[PDB]
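S.K.: quick one: experimental structure and sequence below.
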Amino acid sequence: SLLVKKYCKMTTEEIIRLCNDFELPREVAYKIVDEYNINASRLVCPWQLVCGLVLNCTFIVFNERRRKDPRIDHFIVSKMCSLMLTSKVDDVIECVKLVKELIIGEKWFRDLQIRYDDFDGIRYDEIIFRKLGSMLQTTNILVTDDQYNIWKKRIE
Amino acid sequence: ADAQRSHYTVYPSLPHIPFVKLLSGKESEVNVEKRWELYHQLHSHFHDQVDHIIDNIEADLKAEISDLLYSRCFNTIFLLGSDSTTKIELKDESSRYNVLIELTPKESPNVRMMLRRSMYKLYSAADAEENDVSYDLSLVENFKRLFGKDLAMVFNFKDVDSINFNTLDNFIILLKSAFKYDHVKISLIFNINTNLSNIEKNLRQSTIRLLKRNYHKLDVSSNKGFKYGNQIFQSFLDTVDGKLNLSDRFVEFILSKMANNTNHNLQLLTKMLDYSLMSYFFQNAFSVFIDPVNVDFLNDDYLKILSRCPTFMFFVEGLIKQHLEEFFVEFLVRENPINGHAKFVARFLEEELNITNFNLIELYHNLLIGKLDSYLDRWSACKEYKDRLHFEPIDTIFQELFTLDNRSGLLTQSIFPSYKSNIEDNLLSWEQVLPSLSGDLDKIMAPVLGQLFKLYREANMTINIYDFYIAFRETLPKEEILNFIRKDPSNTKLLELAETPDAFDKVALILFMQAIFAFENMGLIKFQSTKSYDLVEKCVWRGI
Amino acid sequence: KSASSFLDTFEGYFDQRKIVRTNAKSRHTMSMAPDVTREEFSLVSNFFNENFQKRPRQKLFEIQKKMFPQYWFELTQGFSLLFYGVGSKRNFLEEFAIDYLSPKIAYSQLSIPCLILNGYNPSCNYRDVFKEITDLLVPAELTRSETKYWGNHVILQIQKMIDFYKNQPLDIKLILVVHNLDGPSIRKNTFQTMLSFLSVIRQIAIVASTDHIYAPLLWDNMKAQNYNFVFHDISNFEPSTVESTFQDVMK
Amino acid sequence: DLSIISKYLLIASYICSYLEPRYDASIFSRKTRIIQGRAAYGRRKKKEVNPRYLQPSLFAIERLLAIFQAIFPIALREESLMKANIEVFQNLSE
């Protein structure tokens, strides 16, 4: 497995087209590059951090498709196990939730969550009523009305 | 100023229902009135049965205390799980005064105070039942000469797990001296919430041998055989039946939260059930249709949000793959007999089989999830009724508007929040709490508490406060601070302090000292030395 | 910055208690810090406290005023409200309990007096506050048998109010506002016992705030029963210019 | 009769009183390190005197909560570690 591999001589171009493989724009790809090249001297396995940065940015950049179609959340993580040579699906979400510790307080990730409007998976207007303890919050039991209209057009 | 007082009364200058308009502000006021009234009938119907159950709890506990009390040594009663609120009453028996003397650890600083309060209570009761005396045990010696009657003393030691055990031991040895009087009998009641062995190893062995001559044990706690919880939840099932059904995740939430509380889990259960009912009648606009006479009050919004059900999804997908208002109003008559089946298997379970140590909430959870057979495959006495007591739940259509479910995370924010986790998450991910709308400064620089917390989280044992202030400066931008500090020409002191060449460091030190003492008030940071104020220690860590 | 491997959970707790060598400790004090007078500290502090991030705080306060009917509905059902969060919760509780809560309760029961406690003040006392509760609610005075033998008169009187008020009609006679329930004189055991037994009384509405991050350690199961809290997070990043005058900031 | 949180908090309190804080990271640490760094080595020697025979030591609240979270029994949105909520502090107060 590539997650087991230790002390990899990273060049820039390989993580450039690793970021370019997942439809990420140029700005967040350069921020992931600059985020790696500061912490690179103290990394046990750099693929842990690179996979965590790539996935934790692509659930924010492609969150609008993620809220509509759920199975892409089952899909794109499976595009890790095909190319990272890993048969374990718990290891890659472990990579996500262990880069989440190192990424949360930083300014560029802050600005990414502003500009794509994603705050632990939901919108700002959802989380301001989740934190306030509102009874009138949109409980996730109903199907979405946009999804209802999508299925109505699927019939049509 | 009122801000500098300790306490002050304000009468506000005045110039009717807390429920709001639902359906994006399109709900009629009559539906608001019906929601308020119908919530009040459900709430009153629940709490009437809750009140009768509570009075039954005190009545039965008083009955068993009176039974254990009246059928040359102490009569000792050890009440396990007491959490003492019982008002113990005694007999009105002729030729013998029965006096109940209650003692708390606050009333027990030493043996002398315990004896003095006991003799004062004894003389007060014996004067009220029918010259001054000394408040010592000789009043017990001369009781027949002053009142003509025998003495029966019952000592109620409230909260024995808080009393000093040497003082209690010496008071019991003091009370042993009254055994040489023929007119005196003494009962002791110990209210225990830890264990018997805990008090057994904090008393001397001679006192333990003294108490062993006549002692009884009795369990007091609210989880005694679950029968007082099992009533209250069934009372909720006697209130909501035919109206809403409980979700399985809500029931296992009840199970987990009641497993976390020892002394008071009945009132926690009542509080969670009440708050779920409040949340339902405050959030859903369909709660007017719980009353079966409001079925003519359907509008376009009601049918528009009615069609967005997973059950209605599956039903219309099945009917499309095979080959609205009248379909809705006729399907509101079914009774959902899971509550009646749960009550039936409960009365079957302690009717003849004599199985009484069950939780009805566990039974209802396993009946909801369809794993009832795995629940009653534990007792090994009800093997003959695996088809008599078998039930299959029926997933009805559009029941998700008429339900009590825990999926929005509202109960775990309002009743049991992750308090310190919420504090540190709002400190660290502040963009979440604050809107993202000093126009050029608010986009660039964080609030000072959040930036200071992000620099605080990434530090060691001891933080040097000067270097930490330098680390706080390097995050701030000088240029737009100097631009925004000159954006108010009315205050000239701010402009002349901005003209000074050391303006930025000074302003950063203002913000840093204000935010540091904010963290010191909140408890995140600590000065280890009373003087100097040159170093700090972190107190709290995120995610613990 | 820490040269750590972990930051969160016990992983960052155990990993950040390194035994730092004495050769790597900086001997930096406030001697080379900038010299700042009191008045310029006050001026810069009030300028950013009235101008920095003011529009998001105003907007966020405009969201969380929509929670006022839910707070009133929680208060009518017997729940005490405890508010918590990052920033000052003084103005929020004043506006909610004065502008909104008392006129709504007064009009629904057909104004309601509002005792306002300042727990940030270190000289807040239970006996003075309870003498004013006596002045506002006029409870019946304890008999000689009810005084026992050097008992606390405040606690016994409140218990007498408890078994008096159980049969009275359940209408709110007093709104009792506690700013900073975890401040220095207010966090002590007797004052918390007093407010717990007051919170048993349904006819008093309890609105309180806390500031310490370890504040729920104040309450055992009996006190948590008596309070009967519904918790609400109101984080707003306010100045807290009133409480800060009660601590010494120049030190 | 006593609660699971209060039992595990008593076990964590006993560990905090009768074990040294410096050897905590050699006993409870189990997380994979993204960042390079050696963990604690542990204690070289064995004590001559049983510490359980002597008086207990004094600890802080944050250490007790850390060891309680390390010893309490157990995907993308689960976070199976139990954080210090109202019930943990309430059980500590009892």
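M.R.: Ah, there it is. Residues are numbered from 1 along each chain as shown, chains lettered A, B, ... in the order given.

S.K.: touching chain B at all, the longest helix anywhere in chain A?
M.R.: Longest helix in chain A, counting residues (DSSP state H): helix A:46-61. No: contact between helix A:46-61 and chain B is absent, the nearest approach being 12.7 Å (criterion: C-beta under 8 Å from any C-beta of the partner chain). For the C-beta atoms, the positions are set from N, CA and C on the backbone; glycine is no exception.

S.K.: can the longest helix seen in chain D be said to contact chain C?
M.R.: In terms of residue count, the longest helix belonging to chain D (DSSP H) is helix D:4-18. No: applying C-beta under 8 Å from any C-beta, one finds helix D:4-18 out of contact with chain C, separated by at least 10.1 Å.

S.K.: which stretches of chain D form helices?
M.R.: Secondary structure of chain D (DSSP H): helices at D:4-18, D:61-71, D:86-93.

S.K.: mind giving me the packing neighbours of the first one?
M.R.: Contacts of helix D:4-18 with other secondary structure elements, assessed using 3 or more C-beta pairs under 8 Å, 6 or more residues apart in numbering or on different chains; DSSP states H and E, are made with helix D:61-71, helix D:86-93.

S.K.: now tell me what touches that helix from outside.
M.R.: Outside of helix D:4-18, the residues within contact range by C-beta atoms under 8 Å, 6 or more residues apart in numbering or on different chains are B:259-260, B:262, D:51-52, D:56-59, D:63-64, D:67-68, D:71-72, D:87-88, D:91-92, D:94.

S.K.: return the residues in contact with residue B:3.
M.R.: With contacts taken as C-beta under 8 Å, 6+ apart, residue B:3 has the following neighbours: C:90, C:118, C:242.

S.K.: look up how far residue C:131 lies from the residue nearest to the last one when sequence neighbours are not counted.
M.R.: The one in question is residue C:242. The shortest distance from residue C:242 to any non-neighbouring residue, by C-beta to C-beta, 6 or more residues apart in numbering or on different chains, is to residue B:3 (4.7 Å). Residue B:3 sits 21 Å away from residue C:131 when distances are taken as C-beta to C-beta, to the nearest Å.

S.K.: try residue D:21
M.R.: Between residue D:21 and residue C:131 the computed distance is 47 Å (C-beta to C-beta).

S.K.: same question for residue B:204.
M.R.: For residue B:204 relative to residue C:131 (C-beta to C-beta), the value is 46 Å.

S.K.: now do the contacts for the residue of chain A found nearest chain D.
M.R.: Distance from chain D to each residue of chain A (C-beta to the nearest C-beta) is smallest for residue A:42, at 4.8 Å. If you count contacts by C-beta under 8 Å, 6+ apart, residue A:42 has them with D:35-37.

S.K.: ok, now which ones touch residue B:460?
M.R.: When contacts are taken as C-beta under 8 Å, 6+ apart, residue B:460 is in contact with C:2, C:4, C:16, C:18, C:20.

S.K.: residues from the stretch 1-150 of chain B in reach of chain D?
M.R.: Counting by C-beta under 8 Å from any C-beta, the residues of the stretch 1-150 of chain B near chain D are B:80-81.

S.K.: ok, which stretches of the stretch 1-150 of chain B are strands?
M.R.: Along the stretch 1-150 of chain B, the segments classed as strands by DSSP state E, counting those that start in this stretch run B:7-10, B:75-80, B:96-103, B:150-157.

S.K.: which stretch among these comes nearest residue B:490?
M.R.: For residue B:490, the closest of the strands of the stretch 1-150 of chain B is strand B:7-10, at 32.7 Å, according to C-beta to C-beta.

S.K.: each with direction, which strands does that closest one pair with?
M.R.: As defined by DSSP bridges, the strand partners of strand B:7-10 come to strand C:114-118 (antiparallel).

S.K.: list of residues touching the partner strand?
M.R.: The set of residues that contact strand C:114-118 without belonging to it, under C-beta under 8 Å, 6+ apart, is B:2-12, C:94, C:97-98, C:102, C:124, C:129, C:132-133, C:136, C:174-180, C:186.

S.K.: go through the helices of chain D and name the closest to residue A:93.
M.R.: Residue A:93 lies closest, by C-beta to C-beta, to one member of the helices of chain D: helix D:61-71, at 20.8 Å.

S.K.: buried residues, that closest one. List them.
M.R.: The neighbour-count criterion (16 or more other C-beta atoms under 10 Å in any protein chain shown) identifies D:61-70 as the buried residues of helix D:61-71.

S.K.: intersect these with the contacts of chain B.
M.R.: Taking C-beta under 8 Å from any C-beta as the test, chain B is in contact with D:62, D:65-66, D:69 out of those.

S.K.: nearest to residue D:45 among these?
M.R.: For these, the nearest to residue D:45 is residue D:66 (25.1 Å; C-beta to C-beta).

S.K.: show the contacting residues for that closest one.
M.R.: Shown here is residue D:66, whose contacts under the criterion C-beta under 8 Å, 6+ apart are B:541, B:544, C:9-10, C:13-14, D:24.

S.K.: interface residues of the stretch 151-300 of chain B facing chain C?
M.R.: Applying C-beta under 8 Å from any C-beta, one finds that the stretch 151-300 of chain B approaches chain C through B:261-264, B:267, B:271, B:274-275, B:278, B:282.

S.K.: identify the farthest-apart pair in these.
M.R.: Longest distance between any two of these is 31.3 Å, between B:262 and B:282; criterion C-beta to C-beta.

S.K.: residue B:188 - that's part of a strand, no?
M.R.: Yes: the assignment for residue B:188 is a strand, going by DSSP: H, G, I helix; E, B strand; the rest coil.

S.K.: burial measure for it, as a count.
M.R.: The number of residues packed near residue B:188 is 20, by other C-beta atoms under 10 Å in any protein chain shown.
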